[PDB]
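Just the heavy atoms: all of them, side chains too, but no hydrogens, waters or symmetry mates, feed the values below. A, B, ... follow the sequence lines: proteins, then strands. Residue 1 opens every chain.
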Number of protein chains: 4
Amino acid sequence: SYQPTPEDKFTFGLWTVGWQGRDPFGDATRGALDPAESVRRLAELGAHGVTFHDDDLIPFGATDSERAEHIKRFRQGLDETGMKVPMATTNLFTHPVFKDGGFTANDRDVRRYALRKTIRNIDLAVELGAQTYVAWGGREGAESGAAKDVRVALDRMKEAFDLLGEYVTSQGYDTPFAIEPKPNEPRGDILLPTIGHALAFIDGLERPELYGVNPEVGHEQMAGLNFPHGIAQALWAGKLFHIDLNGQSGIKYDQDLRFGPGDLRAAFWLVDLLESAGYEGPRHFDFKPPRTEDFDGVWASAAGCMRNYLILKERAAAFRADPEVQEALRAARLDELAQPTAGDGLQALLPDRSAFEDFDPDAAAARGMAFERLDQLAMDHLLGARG
Amino acid sequence: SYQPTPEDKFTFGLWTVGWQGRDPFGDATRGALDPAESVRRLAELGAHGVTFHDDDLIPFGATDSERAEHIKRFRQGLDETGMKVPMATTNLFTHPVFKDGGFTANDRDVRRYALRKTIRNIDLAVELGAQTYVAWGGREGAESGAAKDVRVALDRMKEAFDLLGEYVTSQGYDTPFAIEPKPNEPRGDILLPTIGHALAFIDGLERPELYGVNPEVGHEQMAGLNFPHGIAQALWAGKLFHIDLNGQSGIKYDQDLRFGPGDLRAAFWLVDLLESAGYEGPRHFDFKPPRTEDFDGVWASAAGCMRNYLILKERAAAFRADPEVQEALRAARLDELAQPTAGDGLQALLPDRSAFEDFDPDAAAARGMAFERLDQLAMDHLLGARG
Amino acid sequence: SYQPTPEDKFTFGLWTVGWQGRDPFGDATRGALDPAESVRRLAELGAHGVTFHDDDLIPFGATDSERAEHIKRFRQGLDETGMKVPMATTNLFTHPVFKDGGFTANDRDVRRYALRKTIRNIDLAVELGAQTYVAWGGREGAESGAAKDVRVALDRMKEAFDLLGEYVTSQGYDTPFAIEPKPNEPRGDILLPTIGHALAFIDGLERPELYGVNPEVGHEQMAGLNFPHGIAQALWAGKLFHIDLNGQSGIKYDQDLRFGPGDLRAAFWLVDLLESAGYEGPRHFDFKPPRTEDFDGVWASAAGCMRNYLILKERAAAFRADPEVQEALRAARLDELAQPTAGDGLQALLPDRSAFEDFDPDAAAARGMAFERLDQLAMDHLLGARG
Amino acid sequence: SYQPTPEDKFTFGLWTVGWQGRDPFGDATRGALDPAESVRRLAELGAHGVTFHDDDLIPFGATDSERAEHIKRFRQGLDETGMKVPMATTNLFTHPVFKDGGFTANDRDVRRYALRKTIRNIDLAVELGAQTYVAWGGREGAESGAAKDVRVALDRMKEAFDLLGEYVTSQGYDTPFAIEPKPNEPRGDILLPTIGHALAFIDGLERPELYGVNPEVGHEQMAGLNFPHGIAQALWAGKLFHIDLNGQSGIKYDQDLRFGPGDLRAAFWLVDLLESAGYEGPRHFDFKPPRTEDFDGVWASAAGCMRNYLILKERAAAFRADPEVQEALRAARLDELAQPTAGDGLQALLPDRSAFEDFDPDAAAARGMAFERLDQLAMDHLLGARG
Ligand SMILES: [Co+2]
Ligand SMILES: [Co+2]
Ligand SMILES: [Co+2]
Ligand SMILES: [Co+2]
Ligand SMILES: [Co+2]
Ligand SMILES: [Co+2]
Ligand SMILES: [Co+2]
Ligand SMILES: [Co+2]
């Protein structure tokens with residue numbers, strides 16, 4: 001069977017299994033979960049660690065006294081289970097004050113508060129051992145054109161991230177930032193909507209090396225993009241610092257279904273890619289047990305996330321190890337794709353008559369790519385109608 | 001009225017007004033247009049210049065003799081009308097040989113041919129005065145997961161663009177490259193699917209300064225993204241080298257409707273942005289007169305592209321010049337957005353009790369953003385129910 | 001200018017201007033509004049009437065005593081302002097008990113309760129003068145495949161609507177039902193996702209004459225469909241009993257922008273259709289003032305809804321009245337469209353050699369449709385760059 | 001293993017395996033296939049029959065002499081292989097004459113010709129044994145608002161279908177019509193865009209019993225709708241006369257991938273539904289072997305279509321037969337869903353205090369739906385990590 005263990009690196013945010021089920025058209029269907037209780041239950045399921053927004057662990061507005069009490073109970077559970085906290089993040093979207101954003105809110109005082117609220121949680125994150133600090137600008141964006149001058153908001157966004165970079169370096173912390181893109185929801189359009197936009201923005205920061213991305217399966221799919229393709233680019237750039245796994249059934253509201261659900265073939269290609277590329281970070285599940293579920297359903301959903309990754313991991317491996325597939329990859333020229341186009345150089349290429357003057361485009365065009373046979377072998381492997 | 005003149009910088013590709021109407025489910029509805037004839041007619045309409053793919057001007061496979069004949073007739077028309085050729089591009093998608101791509105085709109010999117075919121047209125482009133060379137990788141991508149290893153294809157894509165950069169510099173040409181993103185069609189998923197992905201990729205090239213983007217209205221909208229937002233980021237990065245204007249009615253096949261059609265409010269915000277940011281490049285129309293049209297319809301469609309830009313330009317200007325709007329912008333705090341969040345610095349911000357310890361989130365949250373009044377003033381201006 | 005008066009038939013639901021701003025990722029940004037106060041403010045704005053879900057007016061679970069108190073205060077305000085209540089609906093989506101639906105919940109006791117809760121509000125609706133009773137099954141549907149057997153769910157949906165038909169007829173009420181379609185959100189997929197699905201379902205009810213549709217601009221656009229076309233099919237079938245007006249910027253979460261926002265050209269084509277078809281029912285606005293707004297913004301947004309309808313109404317009338325457009329419609333053969341294809345009969349059509357044997361498809365194909373010139377005239381009229 | 005035999009009812013259209021690969025941006029990648037050869041190769045693969053558009057079999061404009069020759073060769077191949085022709089359709093989209101539609105073209109003579117061309121192929125279809133005649137109005141619709149008055153277009157659509165109904169009945173043919181919906185492409189918006197719209201339209205025809213739908217997997221997904229749910233509504237109405245199977249990767253151009261590709265979980269839920277509902281018609285594959293493929297790839301892709309249906313059929317049966325799943329269905333109350341809500345009647349429901357007055361919504365709300373465990377079982381069965 002497929003039983004997860006801490007070595008598998010499966011992590012969960014407190015807000016995932018802890019989601020009470022409030023949606024835009026309805027009230028909570030489940031009671032609140034004590035963070036300490038979630039930690040112990042996730043440990044029992046084979047999880048590696050947990051993540052949290054400051055506000056999931058400490059109630060907004062809690063006194064320094066209550067704050068210490070909450071952190072103590074959480075640390076107690078971490079200590080008893082040996083659970084890790086690989087990532088932490090700030091909630092800059094729930095309180096009404098962040099209605100127009102945090103780092104790019106038109107109001108300057110709100111932008112200052114947002115940075116302060118973030119810096120306070122970075123200190124806690126480091127104390128708990130987090131190696132990555134995520135930033136999801138859920139409120140950075142707009143519903144109307146003139147409400148937000150995007151060039152100046154990008155100036156404010158760069159300013160905020162640069163200030164965080166200075167803070168972290170001045171303090172000597174060993175923690176990196178990962179930007180989590182999302183195209184829309186709750187704002188009509190959110191700034192840095194996809195992996196590409198986030199990656200481009202990072203290269204304009206003062207210390208680009210401190211920032212990467214934390215893409216989420218469902219978010220890129222909300223723009224109808226290919227997640228494995230985007231992950232490949234992030235990997236090619238050396239910026240996949242963390243990753244959120246879940247499922248999404250197409251272009252609509254952010255569903256956060258458990259991993260495996262939604263686009264199954266995309267899940268398969270994603271796992272094949274992560275494992276083949278040797279990604280070593282956490283396999284974080286940012287999902288929401290549907291509100292139709294009670295607590296037993298919550299834990300079944302969480303268990304399902306990990307199980308599916310394990311089954312997909314086995315199928316991906318079987319796929320790549322099969323000699324019939326290696327033969328099909330050669331037939332489709334995946335090996336030729338790895339050869340430099342012009343290792344001989346520009347001047348040699350220009351003088352090469354076989355590259356143009358004597359090239360026969362019709363003969364070359366006649367060669368079938370053999371992509372369908374390869375894809376069907378992949379399907380067979382996924383459905384276990386073969387390895 | 002709104003009569004265009006060469007000063008307005010409106011350009012058209014030969015393939016736009018020249019599109020014969022062949023679509024995936026039907027035959028051509030119009031006869032072919034001689035390039036020379038298009039140039040003269042567009043000049044009569046007030047166009048500034050024209051653009052072309054090598055294959056629009058010279059038939060694929062034409063001998064050196066026929067090639068010179070075709071270029072001569074075209075140059076004659078340019079000379080007689082004073083029309084400019086600001087941009088040129090290569091067709092690496094029509095011939096069957098490019099069925100799996102040009103720069104990233106699995107077959108190495110095809111990749112070499114693709115580079116050679118491109119370099120040949122760069123020479124011609126420069127000769128005709130083009131300042132920008134566009135690259136739309138319509139065939140770079142895949143329909144199935146294993147058919148294309150994306151990390152290695154990005155290696156091949158980087159190799160191709162680097163080789164082009166070396167060519168251009170070795171020759172001393174004063175021409176820049178602009179990558180045109182598209183999410184899908186004709187491939188299931190195309191590499192560098194959006195403005196952001198293209199922008200991120202560029203920063204990994206050997207000479208990033210030589211490359212920018214040529215975004216197209218309809219393409220970003222195919223991913224359901226906000227075009228004006230994406231243009232702002234490209235502008236903030238200093239990479240908007242050229243731009244394709246057209247219309248698209250949502251997430252579906254690439255329609256290439258005339259500019260103005262499709263998302264009208266987005267057209268308004270795009271024009272407001274281009275004009276306010278002071279973009280000085282061509283206003284290129286990459287559109288397709290619907291196949292229901294005869295030649296009179298073709299020219300009416302082309303004229304409509306320019307007219308709409310002119311009307312929108314006037315409304316945008318009226319909008320920004322209105323004192324009631326300037327008042328509404330102040331009410332929405334667009335002025336505060338331009339102020340640095342922490343011009344006083346990190347240390348001052350950390351010691352600032354009004355930024356956190358004494359900040360009142362409820363009072364600040366109570367402040368309405370006044371975004372709806374502003375947006376309605378914008379609507380009034382667009383519909384001319386005011387300036 | 002464009003001032004609304006009760007004759008314009010603009011209505012608003014209490015939940016529109018009263019939306020407190022709680023979204024899936026954030027707390028309420030505005031305090032609650034007393035139904036009585038909303039009625040008085042909407043009257044001042046020129047609205048014709050209001051609509052309500054039972055739970056907007058009477059708190060869920062309130063005693064018969066408290067219920068009467070709430071109803072009394074509401075009626076006092078209606079009486080003092082002369083405001084009408086043309087439509088009412090039931091909230092079968094907010095309380096956790098409806099997590100799997102009302103009429104199609106798997107649990108039989110919940111389905112029974114849903115019917116009883118509905119019937120109680122139908123009595124109230126009739127008492128207040130409502131002519132249409134709306135049903136939006138926002139919770140009817142599923143997130144996973146086996147959770148719902150759709151054929152049997154449709155049996156339960158038919159049963160519920162048939163029971164309602166029986167009740168209404170037994171009581172002798174003069175009230176009709178209108179189904180409001182929506183493709184998804186809050187459920188992964190919602191049953192009767194579009195206007196077409198609802199129209200088809202209705203013809204399988206016992207008394208089809210009692211039911212119609214209450215389409216919503218933004219809902220059909222969530223499926224990327226053409227709203228005006230859908231409204232035309234509902235008009236053609238004689239089933240447009242009511243309509244919800246708002247705005248949507250593409251395929252994503254239900255935005256409920258004020259009317260005019262989102263797809264502006266669609267809004268124009270819709271107004272053109274409603275006015276030319278002579279739709280006499282309410283122009284109901286089911287929208288939500290963005291949570292970035294305070295109360296002044298709420299009222300500004302609501303006023304905007306009516307203003308935009310009025311401006312669009314003027315431009316559509318101007319467009320249709322223009323002699324140049326009438327000439328353009330004839331050129332595009334809109335008049336030939338109205339002539340029966342075979343008024344002469346099947347037998348005559350079969351014997352007609354000009355319809356096949358002697359028909360020249362190439363000559364006929366040569367005729368341009370002249371659709372672009374016509375659409376540009378439509379654009380000129382919308383932008384007021386003509387009448 | 002999973003070998004198909006004629007008993008499986010798999011059929012293919014001549015235009016599927018015969019698609020030459022011409023797409024909007026590229027020339028044909030494969031040479032044409034002789035209909036006779038396709039029939040023989042499909043027979044060897046285990047197909048049950050073939051379908052055709054009139055123009056696939058007989059070249060547009062061919063003389064009566066050439067026509068008979070083409071038909072003769074086709075019939076020879078059918079006779080020799082025992083291959084059936086269950087469905088036939090008319091091509092009313094390729095020739096320029098149909099640029100504005102066939103049945104709803106603005107030009108009256110084109111509408112007449114469209115009907116005559118259809119009637120001629122209906123005679124041929126019946127002669128060859130077809131039981132269903134499909135109609136895909138791919139050209140019925142528009143790119144702009146005033147180009148088509150949708151109410152009158154629907155009048156023309158009804159008129160055409162009614163005329164066809166009259167013809168079929170007058171001739172005493174035993175053939176039924178099936179409308180194939182599609183939301184867009186090649187037209188900006190196509191009339192009767194979804195299954196629901198087509199179902200509703202049918203009930204307004206003179207003889208509704210003669211018409212049903214021929215839904216296509218990829219078409220409904222182009223609107224982001226749930227195909228299995230749509231198929232359930234068509235089954236519930238008794239209108240699933242035929243079905244097109246293929247794959248689609250989201251909202252974008254019509255991909256026509258081989259069945260199994262695209263949304264795999266949907267493909268499983270669809271097979272589960274077709275097999276459990278006892279659909280007895282053809283399993284028709286309307287797909288296109290990617291243009292990257294040569295002829296070996298074409299046949300591999302076609303074989304894949306059937307293989308995937310067979311594997312999915314096995315897993316769906318295994319899922320339903322599993323005792324653990326039957327227990328899970330009972331836990332989720334799928335059985336309660338089948339019990340009438342009010343078998344006791346309206347009057348009894350009204351008098352029932354347990355249905356309202358004494359109902360406890362909080363207790364009932366507390367019951368978990370147990371949908372996640374059930375869906376995970378479904379996943380385990382699909383992946384073969386269980387039966
Ligand atoms: Co999410
Ligand atoms: Co996430
Ligand atoms: Co385009
Ligand atoms: Co373009
Ligand atoms: Co809505
Ligand atoms: Co509504
Ligand atoms: Co198709
Ligand atoms: Co089909």
Side-chain angles (χ1 to χ4, degrees), chain B residues 19-32 288-295 297, chain C residues 333 336 341 349 352-371, chain D residues 13-15 18-20 22-24 27-28 32 35 52-64 66-67 70-71 88-122 124-125 133-143 147-148 156-157 160 164 180 182 185-188 190-191 254:
Chain B
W19 184 55
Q20 294 186 248
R22 301 176 187 180
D23 64 27
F25 299 98
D27 298 344
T29 60
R30 287 181 303 261
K288 285 179 175 60
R291 78 196 277 282
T292 52
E293 309 303 288
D294 57 24
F295 286 129
Chain C
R333 281 90 81 205
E336 256 193 1
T341 294
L349 168 56
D352 191 0
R353 290 202 175 81
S354 64
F356 192 75
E357 294 89 341
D358 300 330
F359 180 70
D360 183 351
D362 291 344
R367 295 174 236 174
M369 297 313 296
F371 290 158
Chain D
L14 287 180
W15 71 90
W19 183 51
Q20 295 189 251
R22 306 173 180 182
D23 66 25
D27 295 346
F52 65 93
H53 287 93
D54 54 354
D55 296 349
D56 294 323
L57 181 53
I58 306 142
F60 184 97
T63 166
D64 286 0
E66 289 166 316
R67 175 186 170 76
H70 292 293
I71 295 173
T89 179
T90 325
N91 180 317
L92 300 178
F93 50 86
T94 301
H95 199 257
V97 71
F98 297 121
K99 61 187 191 289
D100 184 45
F103 297 161
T104 71
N106 282 352
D107 291 308
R108 188 178 172 266
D109 57 350
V110 167
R111 304 196 288 276
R112 299 194 122 237
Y113 172 67
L115 277 162
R116 289 293 305 277
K117 191 169 186 291
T118 297
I119 287 168
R120 193 185 202 195
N121 205 52
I122 290 172
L124 176 60
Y133 197 80
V134 166
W136 172 59
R139 294 287 178 197
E140 320 304 332
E143 285 70 60
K148 200 67 60 176
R156 294 293 80 74
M157 191 80 86
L164 294 175
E180 184 176 341
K182 190 176 180 189
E185 197 203 36
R187 304 313 302 270
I190 292 172
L191 301 177
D254 188 28

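Using bins of under 30°, 30° to 60° and over 60° for the plane-to-plane angle, the ring pair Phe93(D)/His53(D) lands in the perpendicular bin. In this structure, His95(D) and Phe60(D) have parallel ring planes: the angle between them is below the 30° cut-off, well short of the 60° mark.
Once rounded to the nearest 0.5 Å, the distance linking CZ of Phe52(D) with CD1 of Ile58(D) reads 7.0 Å. Interatomic distance, CD1 of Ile122(D) versus CG of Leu164(D), reported as 5.0 Å (0.5 Å rounding). Atom NZ of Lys182(D) sits about 4.5 Å away from atom CH2 of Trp136(D), to the nearest 0.5 Å. Once rounded to the nearest 0.5 Å, the distance linking CG of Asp360(C) with OH of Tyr113(D) reads 9.5 Å. Taking CG of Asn106(D) as the start and CD of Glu336(C) as the end, the distance is 8.0 Å to the nearest 0.5 Å. A distance of 5.0 Å separates CD in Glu140(D) from CE in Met157(D), rounded to the nearest 0.5 Å.
Listed for the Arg112(D) side chain is a donor-acceptor partner under 3.5 Å among the backbone atoms of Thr341(C). With hydrogens and angles disregarded, a donor-acceptor distance shorter than 3.5 Å links the side chain of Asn121(D) to the backbone of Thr89(D). Without hydrogens or angle criteria, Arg111(D) side chain to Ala105(D) main chain gives a donor-acceptor distance under 3.5 Å. A donor-acceptor contact shorter than 3.5 Å is absent between the side chain of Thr29(B) and the backbone of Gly21(B). Of the possible polar contacts, none joining the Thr90(D) side chain to the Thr118(D) backbone as a donor-acceptor pair under 3.5 Å is found.
Electrostatic pairing of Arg120(D) and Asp54(D) does not count as a salt bridge here, judged by no charged N lying under 4.0 Å from a carboxylate O. No salt bridge links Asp358(C) with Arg353(C); every basic N to acidic carboxylate O contact stays at or beyond 4.0 Å. A salt bridge links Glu357(C) to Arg116(D): at least one charged side-chain nitrogen sits closer than 4.0 Å to a carboxylate oxygen.
Taking each heavy atom of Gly31(B) and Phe295(B) in turn, the nearest pair found is O-CZ, 3.3 Å. Between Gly141(D) and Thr104(D), the shortest heavy-atom contact is N-OG1, 4.4 Å. Of all heavy-atom pairs between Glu66(D) and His70(D), the closest is O-CD2, 2.8 Å. The heavy-atom pair separating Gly138(D) from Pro186(D) by the smallest distance is O-CD, 3.1 Å. Closest non-hydrogen pair, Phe98(D) versus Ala114(D), comes out as CE2-CB, 4.0 Å. When all heavy atoms of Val110(D) and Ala364(C) are compared, the closest pair comes out as CG2-CB, 4.5 Å.
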Q. Can you list the steps and then say if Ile190(D) with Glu185(D) is a side-chain contact (heavy atoms from CB on, under 4.5 Å)?
A. CA-CA 7 Å; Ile190(D) 292 172; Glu185(D) 197 203 36; 5.6 Å; no

Q) Could you walk me through whether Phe103(D) and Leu191(D) pass the side-chain contact (heavy atoms from CB on, under 4.5 Å) check? A) CA-CA 11 Å; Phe103(D) 297 161; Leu191(D) 301 177; over 6 Å; no

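Within the 4.5 Å cutoff, the side chain of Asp100(D) has heavy atoms near those of the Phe371(C) side chain. Between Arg67(D) and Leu124(D) the shortest side-chain heavy-atom distance falls below 4.5 Å. In this structure, the side chains of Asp294(B) and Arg367(C) stay at 4.5 Å or more apart for every pair of heavy atoms. Here the side chains of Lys117(D) and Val97(D) are not in contact, with every heavy-atom distance at 4.5 Å or above. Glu293(B) has its side chain within reach of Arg30(B): a pair of non-hydrogen atoms, C-beta onward, lies under 4.5 Å apart. Looking at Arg187(D) and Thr292(B), their side chains come closer than 4.5 Å, going by heavy atoms from C-beta outward. At a threshold of 4.5 Å between non-hydrogen side-chain atoms, the residues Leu92(D) and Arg139(D) do not count as touching.
Listed by chain and residue number, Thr94(B), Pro96(B) satisfy the side chain to side chain contact (heavy atoms under 4.5 Å, CB included) test with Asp27(D) (two or more places apart in sequence, or in another chain).
Counting heavy atoms of neighbouring residues, nucleotides and ligands inside a 6.0 Å radius, atom CZ of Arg22(B) does not exceed 12 of them.
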